[PDB]
Amino acid sequence: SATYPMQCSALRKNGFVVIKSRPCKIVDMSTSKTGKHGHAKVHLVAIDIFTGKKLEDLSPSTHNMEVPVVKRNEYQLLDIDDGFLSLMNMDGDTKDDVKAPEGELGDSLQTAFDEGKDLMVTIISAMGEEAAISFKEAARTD
Amino acid sequence: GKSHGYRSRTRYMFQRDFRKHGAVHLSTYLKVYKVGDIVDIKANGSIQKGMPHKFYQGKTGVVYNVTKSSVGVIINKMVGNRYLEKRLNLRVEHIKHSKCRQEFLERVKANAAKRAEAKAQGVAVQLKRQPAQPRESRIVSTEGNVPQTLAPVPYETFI
Amino acid sequence: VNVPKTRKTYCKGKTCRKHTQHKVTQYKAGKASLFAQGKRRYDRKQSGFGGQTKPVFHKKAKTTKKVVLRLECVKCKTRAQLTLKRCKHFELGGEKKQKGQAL
Amino acid sequence: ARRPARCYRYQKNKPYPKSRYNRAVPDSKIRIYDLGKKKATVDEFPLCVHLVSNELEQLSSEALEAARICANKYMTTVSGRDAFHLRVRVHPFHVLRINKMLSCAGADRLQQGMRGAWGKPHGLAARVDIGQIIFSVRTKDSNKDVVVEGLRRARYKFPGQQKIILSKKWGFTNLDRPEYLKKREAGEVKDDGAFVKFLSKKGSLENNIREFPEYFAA
Amino acid sequence: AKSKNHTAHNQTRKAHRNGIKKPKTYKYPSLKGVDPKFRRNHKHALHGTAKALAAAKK
RNA sequence: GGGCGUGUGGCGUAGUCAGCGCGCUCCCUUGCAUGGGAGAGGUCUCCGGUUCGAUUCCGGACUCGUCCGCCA
RNA sequence: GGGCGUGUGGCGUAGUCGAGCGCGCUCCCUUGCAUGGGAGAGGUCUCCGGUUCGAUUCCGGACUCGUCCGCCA
RNA sequence: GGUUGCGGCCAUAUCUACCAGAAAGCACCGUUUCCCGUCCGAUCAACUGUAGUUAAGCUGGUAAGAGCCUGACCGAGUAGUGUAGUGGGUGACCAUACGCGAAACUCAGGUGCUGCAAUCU
RNA sequence: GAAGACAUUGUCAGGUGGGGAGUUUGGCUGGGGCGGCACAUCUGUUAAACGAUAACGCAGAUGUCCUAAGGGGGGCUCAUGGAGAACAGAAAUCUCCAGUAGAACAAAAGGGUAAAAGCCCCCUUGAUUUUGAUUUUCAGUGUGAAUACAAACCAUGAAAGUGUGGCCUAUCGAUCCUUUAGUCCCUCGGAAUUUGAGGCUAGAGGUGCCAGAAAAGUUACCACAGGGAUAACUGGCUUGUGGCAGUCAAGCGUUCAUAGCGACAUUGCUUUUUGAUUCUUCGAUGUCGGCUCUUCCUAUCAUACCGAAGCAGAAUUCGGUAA
RNA sequence: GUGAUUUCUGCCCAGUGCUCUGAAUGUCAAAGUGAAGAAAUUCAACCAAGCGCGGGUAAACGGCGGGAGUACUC
RNA sequence: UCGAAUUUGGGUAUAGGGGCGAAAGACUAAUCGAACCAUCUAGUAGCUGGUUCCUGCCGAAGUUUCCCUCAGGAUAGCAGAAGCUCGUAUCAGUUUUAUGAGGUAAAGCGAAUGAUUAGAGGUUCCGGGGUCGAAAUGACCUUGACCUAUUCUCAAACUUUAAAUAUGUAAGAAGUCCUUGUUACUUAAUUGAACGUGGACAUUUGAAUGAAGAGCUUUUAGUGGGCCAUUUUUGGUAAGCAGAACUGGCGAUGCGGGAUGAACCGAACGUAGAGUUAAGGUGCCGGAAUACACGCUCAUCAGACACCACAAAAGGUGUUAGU
Ligand SMILES: [Zn+2]
């Protein structure tokens, strides 16, 4: 399956959750007892990985929250044209479906490709939507 | 939690033995079982197929079915307040003939031989077994066997 | 896991009755039709006032599904199904494991 | 901070050695087991005296250490540091557990009682039997009165009842005094670092002649 | 409110009240579980034996 | 008392069974702005186990920061 | 009340059993919006005993200070 | 009785170090055209039984040999244990009654037996 | 006058809507809550040598992984140690010897395995079809897992044979609904054809609280049925902890074990500490402290009479009879 | 909402609300439109408000941290 | 507090999820965190209480499995009733004989795994510290490793060995032997497999003891909180604590004894008479020897009977007997 359930108390920091059908990454967790007799409630503060928005939800601790599958994958650039990166996989597979980043990451990547470094791109998959998060340079195998 | 698997608590029961591990000798494959034979069940840990359950280890039963590599055996199992009939398909490495049955058949044939030979005279055959009777009168002599007097020994440390 | 795209297996297609070649796919469920009797009964029951009238499942526990291979005989086009055990990763593309080569 | 020994006097549990299921025990307090002139030869010290139990109980390693120090100190003060050989013939292998309860006021607010009351290791003890030797000392016949008094001083540190028995054996061996004498007049004994190796009628004659030559020198 | 978990007390007394009857054995036990190739021939063998005995004592 | 997190070169940290950036110190290049290249620098908190191999997998220990310890 | 750790020159602070630096100011030299430089003084290493050959250093005790946990319904 | 082929029980048969082996049989041994397999006719494959040798394999013997096997009134009726007592003892534990009964140790002996077929001074 | 086929009104449809309505808000548990999962399972042990056997007992593990890590066949022998060979050393590759497994077999543990069940190579799909029987758990129900056959059709090998997934013991899921495969068979009931729908046989989509409800809190404004099956007092058992007392004597005390003390050990007593437990009380035994008042205990602070001193006197310390 | 007078009411619009005369295909009902079909029907395009994007707002609910150097600075 | 945001009469308005409230969840006819009246309504309750005559006979369970199951049910077990088919057996909480199976108690570690004390002899291209050495893969000592032969002590999750007690099967007529019929199974083959025909072997017909009738079926009650004692045993310092195994009890049970007491000892019960006893006793209470015999003990806290209602370490020219 694309996504799998988990418990709120089983969740911990720097883990992925589904909040309002968005892949989110937790920055804050806090548990407070509801009433003296009652079970504690978990208040979760998380950041969407793709959009960067801050989303929070509180739930019972025993409640089950949905968790996405996030895969980070490593590729080499071939060209940046029309806002669409062209990447090259190990064993020689090529994809052009990735859109170029639109922020300061995209600006730095564009300048780095213009001045000619060999750039290593990390793109993540979660719940059927695809994006690029970071780039490095290959220190060896020039 | 608790654990009651199929081979739970079978450690020393299904160890092989000391210094007779390895492959099994060919007498167990050359032995012949017929329907109605009485067999003892002792599992061989070297053979994992056709294994009996740990309840039937050391149990004795009757053959009711003969197939290519296995034998069907009938055991009586106490369940609650009665015995139930259990049918087991066991490979022939896990069974051997019961020796008490062949001893009893030897008694049957020797007993019939005694009855047949003594029927020609009518000498009160007395064919039933009898248990250990009390030993009868005897005279023990002291020729070279004069009694030796014994006494209790005093106490010592002995360390 | 990895499963090859073809398989020689038994075909009970009333003309083969033997092992023939089969092309394998993965089973997909297909869209739930309207005008199925349970769907019509559910729509009729849900119409009106009363709110939700049937249970909706929440306490999901499995993370995997059993995969089902759809075998299709190449001679007489008859189809078979067979299920496998639970696997997190599945592929039909045959990239065979090779032994004495580097990491 | 240590419980009294009456809480662990009796052999109430199965033996609980340090193993790969314990993995966290305190080390024993007794560490030295052979003392006095431990490098002495076998015929230096013919007389042997035993401190032997009359109880079936557990002796603490702390009590073993205290009795060892007491007997050693007394005998080295009255008779010299190298006039005896003392050997502690028990080893603490049983591990004692404690289910530690809080001694605070209002502890029941956070105690949980007897739930999950499996203990933690805190000590080591040696399980002895009826007629089992705790202490064994070998010395000359001129030190009998001081080794009996040393064992009698050491007996106060032990719970239960112990007896002081003068053994009929030669030293730390297992033969009697005249048996060892009639064995050592022949060459069929040969000394080791502290003990002695004996001749047997079995084995290869070449090895039996490179060792033990004086007996075959008949 | 904990309670007793399990015991086997009184169970053998309850069994031995009117208990431990051995199962009734019969001539001609059931042939279920016996090998079908054996039973398929055994049917024809008994059929031929019955026909021969009927022709003998007809 | 119990639970959770924490230690990576000075800092930020990332990670597959030790990388850069900014610091540091040199060298080179060219402003309006610079940039580049070298090095010295890390027992991945520590100690074990597992594993071909462990930052990574596990166990134990230390430090620090948190959160609970309530009804009578 | 109990536990744990702490104690260095006028001040702060470094100490593997063989008391240094910085700050205050003593003097001299040297200077507007007042500096710098050079030689100074300064300890019973909290105290008392033992070990050593000699304890800041090791150990035991005492004093002092700082943390932590503790009464009732 | 020796040897070979196929065995059964699977150390009384194994291991260490020496010694001996008539005859026959095994064995080492000679060769690479063909079948076949290797980096390598070393193993495996094929050919010759010729050129040779008991050196080895194998078999047997030796050793106050290691191991293993058997037995003992050897330890020892010991340890342990079923049953009993308004038995002893503060207890820990221990005696007795009616029964069952070890292991280590010590000592003594032994070191393959045998089935089917073939063949041999 | 204004406005005008737009507002309004009617019916549907989307949004909003604690303003209001109805309802829910697991279990085990040395009381409940927090914690944990002992809630479905597996290995060793507790477990007392058939089997069965508990605790929030101990040490761990499971919700996976594998087209080979399945099936068949062939060849070979592993961990380790010793002795050698350029670069090459503690660890690179090669050679010999010893090597009962001290290695490996996906994972936890326990069994099993040496011309193999291990390592390498070759060929494959039996991880196939059809329904029965049996073993474990057990009500001799289900589910899961497994065993031996029958009837086919295959794989492999020279062949005997072996193979119905993983060397064995864990690795998982009812009714209703949807969907797929097969039969292309049965029915749509006034008679037909074609769509559509409904049936039969076998799978999948999942209930982990794992024989399977669709589910947030608070109440110090509170209510009812009950419970001493169950906590917060006293009392009772126990005495870890608290308090008090001994025995031994390495030392302190200038010298000197014991005038006075006394380490390392060890034997006790008490119920004025706090725990542990849950026996009594939940159709109620009034729950802190103080004031007032009586009596009892002695482990004696003072007073009486004494013994000892590191008791010259003075002051003091230790101890005895004594409440 | 705060609670006479006096004296002041600092910083923060990221969150939750509230609010725009902004910009306009992302989400996108019924009716209506188009295609296929023999029809039931299926599939698309188009698609109002509100969400989503972009602003404002704290006398709205609220909030007001760490590591170094020498109160101050980074 | 008392000249006003004053006090108050009468009239009038607001009515129950509604009113009114300078706000206390206050007031709304002694009723308010949702008034009162009637009806639905004899609402439901796995929860508490009660449940009405006698005698006779039989007579339990607190255990298995599943359940939002843990104060409840279902199911199996225990029990009663109705019997039915037969007439001494296709029996047995027992023993013997023969034959299996087991890994506990014990034992073992100069046997494997693991822990562990001490020396001895060796190994240095093959250790580390010192001293002598120009240095040296130098030397001399010392200390660590590894090997060899020993030595002391251990193991719930170690083991070569290995009990006792429990535990499977057999001790015939449904058996044994001889001969030959069937088959589509099987074999090279009337070879074998299974079931048969005909014939022979009978009261010692195949060990002991006892049988009280043996076998079979239907239906249904109550129960599904248990507790105690000896022995084995787990957690705990321990407990009149918590949790298991086998048996016997109490619950459900009176009687004699333990003064007294659910469980201990003895023994189980119709109504009476006589005799004899069990366990326990025989100074008096109190029925029964102030019996007999040999010793021991004198306590300025004697001692006096199992369960059981407590006492230890350490001492004593008290006294007695011993080595
Ligand atoms: Zn086909």
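Throughout, a chain's letter reflects where its sequence line sits, starting with A, and its residues are numbered from 1. Computed over heavy atoms, backbone and side chain alike; hydrogens, waters and symmetry mates excluded.
- Taking 3.5 Å as the limit, the base of H/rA64 and the side chain of D/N208 contain a donor-acceptor pair of atoms between them.
- Residue-to-nucleotide contacts include no donor-acceptor pair under 3.5 Å from the side chain of D/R23 to the base of F/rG60.
- Judged by Watson-Crick and G-U wobble geometry, where both atom pairs must sit under 3.5 Å apart, K/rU180 and K/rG196 count as a base pair.
- Between the side chain of B/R129 and the base of K/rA171 there is at least one donor-acceptor pair of N/O atoms closer than 3.5 Å.
- One N or O donor and one acceptor, one from the side chain of D/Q112 and one from the base of I/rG33, sit under 3.5 Å apart.
- Scanning atom types as modelled, one donor and one acceptor separated by under 3.5 angstrom connect the side chain of B/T60 and the base of K/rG168.
- If you check every strand for non-hydrogen atoms under 4.0 Å, D/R153 touches sugar and phosphate atoms only.
- Within the cation-pi definition used here (under 6.0 Å to the ring centroid, within 45° of the axis), B/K59 qualifies as a partner of B/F55.
- Across every strand in view, K/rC84 sits in a pair with K/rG215 that passes the Watson-Crick or G-U test at under 3.5 angstrom.
- Taken together, I/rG163 and I/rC154 constitute a Watson-Crick or G-U wobble pair, since both relevant N/O distances lie under 3.5 Å.
- Nucleotide H/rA17 forms a pair with H/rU62, judged by Watson-Crick or G-U wobble geometry with both contacts under 3.5 Å.
- Entry note: I/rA115 and I/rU8 fail the pairing test, Watson-Crick or G-U wobble at under 3.5 angstrom for both distances.
- When both pairing distances are held under 3.5 Å, G/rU26 makes a Watson-Crick or G-U pair with G/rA39.
- Figure legend: D/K18 and D/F93 shown without cation-pi pairing, the cationic atom not lying both under 6.0 angstrom from the six-membered ring centre and within 45 degrees of its axis.
- Taking 3.5 Å as the upper bound for both contacts, I/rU162 does not pair with I/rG35 in Watson-Crick or G-U wobble fashion.
- A Watson-Crick or G-U wobble pair does not link K/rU75 to K/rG50 when both relevant atom distances must lie under 3.5 Å.
- In this structure, D/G119 reaches the sugar-phosphate backbone alone: every heavy-atom distance under 4.0 Å involves primed, P, OP1 or OP2 atoms, never a base.
- At a threshold of 4.0 angstrom between heavy atoms, the contacts of D/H94 with the nucleic acid are absent.
- Using the sign of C1'-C2'-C3'-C4' as the criterion, G/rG9 is classed as south-puckered.
- H/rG5: Watson-Crick or G-U partner is H/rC116, with both key distances under 3.5 Å.
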Return all side-chain donor-acceptor pairs below 3.5 angstrom for residues 97-119 of chain D, not counting sequence neighbours, or 'none' if the list is empty.
from   : atom 1 : to     : atom 2 : distance (Å)
D/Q111 : OE1    : D/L102 : N      : 3.1

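- Between I/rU156 and I/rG161, both key atom distances fall under 3.5 Å, giving a Watson-Crick or G-U wobble pair.
- With distances taken from any side-chain atom of B/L26 to the nucleotides H/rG8, I/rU128, K/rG235, the minimum falls on H/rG8.
- Between G/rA62 and G/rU46, both key atom distances fall under 3.5 Å, giving a Watson-Crick or G-U wobble pair.
- Closest to the E/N5 side chain, of the nucleotides K/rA244, I/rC264, I/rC153, is K/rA244.
- The pair B/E85-B/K77 does not meet the salt-bridge criterion, since no charged nitrogen lies less than 4.0 angstrom from a carboxylate oxygen.
- Among the nucleotides K/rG93, K/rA155, K/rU116, the one closest to the side chain of D/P15 is K/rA155.
- Figure legend. F/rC20 is base-paired to F/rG12; pairs are counted as Watson-Crick or G-U wobble with both atom distances under 3.5 Å.
- A donor-acceptor contact under 3.5 Å is not formed by the side chain of B/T10 with the base of I/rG111.
- Pairing check for K/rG206 against K/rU271: the two fail the Watson-Crick or G-U wobble geometry, since the two atom distances are not both under 3.5 Å.
- When the P atom is compared between K/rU44 and K/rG56, the two are found 43 Å apart, to the nearest whole Å.
- Of all nucleotides present, only K/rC147 satisfies the Watson-Crick or G-U wobble test against K/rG121, with each distance under 3.5 Å.
- For the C1' atoms, the distance linking K/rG199 with K/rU180 amounts to 12 Å, nearest Å.
- Pairing between K/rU204 and K/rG102: absent (Watson-Crick or G-U wobble, both distances under 3.5 Å).
- The nucleotide K/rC158 finds its pairing partner in K/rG108, both defining distances of the Watson-Crick or G-U wobble pair being shorter than 3.5 Å.
- With a cut-off of 3.5 Å on both pairing distances, the Watson-Crick or G-U wobble partner of G/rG5 is G/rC65.
- Per the stacking criterion (ring centres < 5.5 Å, plane angle < 30°), D/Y156 does not stack onto the base of K/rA314.
- Syn is the glycosidic conformation of I/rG30, whose angle stays within 90° of 0.
- The base of I/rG275 does not come close enough to the side chain of D/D108 for any donor and acceptor atom to sit less than 3.5 Å apart.
- Taking 3.5 Å as the upper bound for both contacts, K/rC305 does not pair with K/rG93 in Watson-Crick or G-U wobble fashion.
- Along RNA chain H, the nucleotide nearest B/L30 and the nucleotide nearest D/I130 are compared for position; the residue whose nucleotide lies closer to the 5' end is B/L30.
- Both thresholds, 5.5 Å between centres and 30° between ring planes, are not jointly met by E/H6 relative to the base of I/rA54, so the two rings are not stacked.
- I/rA83 and I/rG73 have their P atoms separated by 43 Å, with the value rounded to a whole Å.
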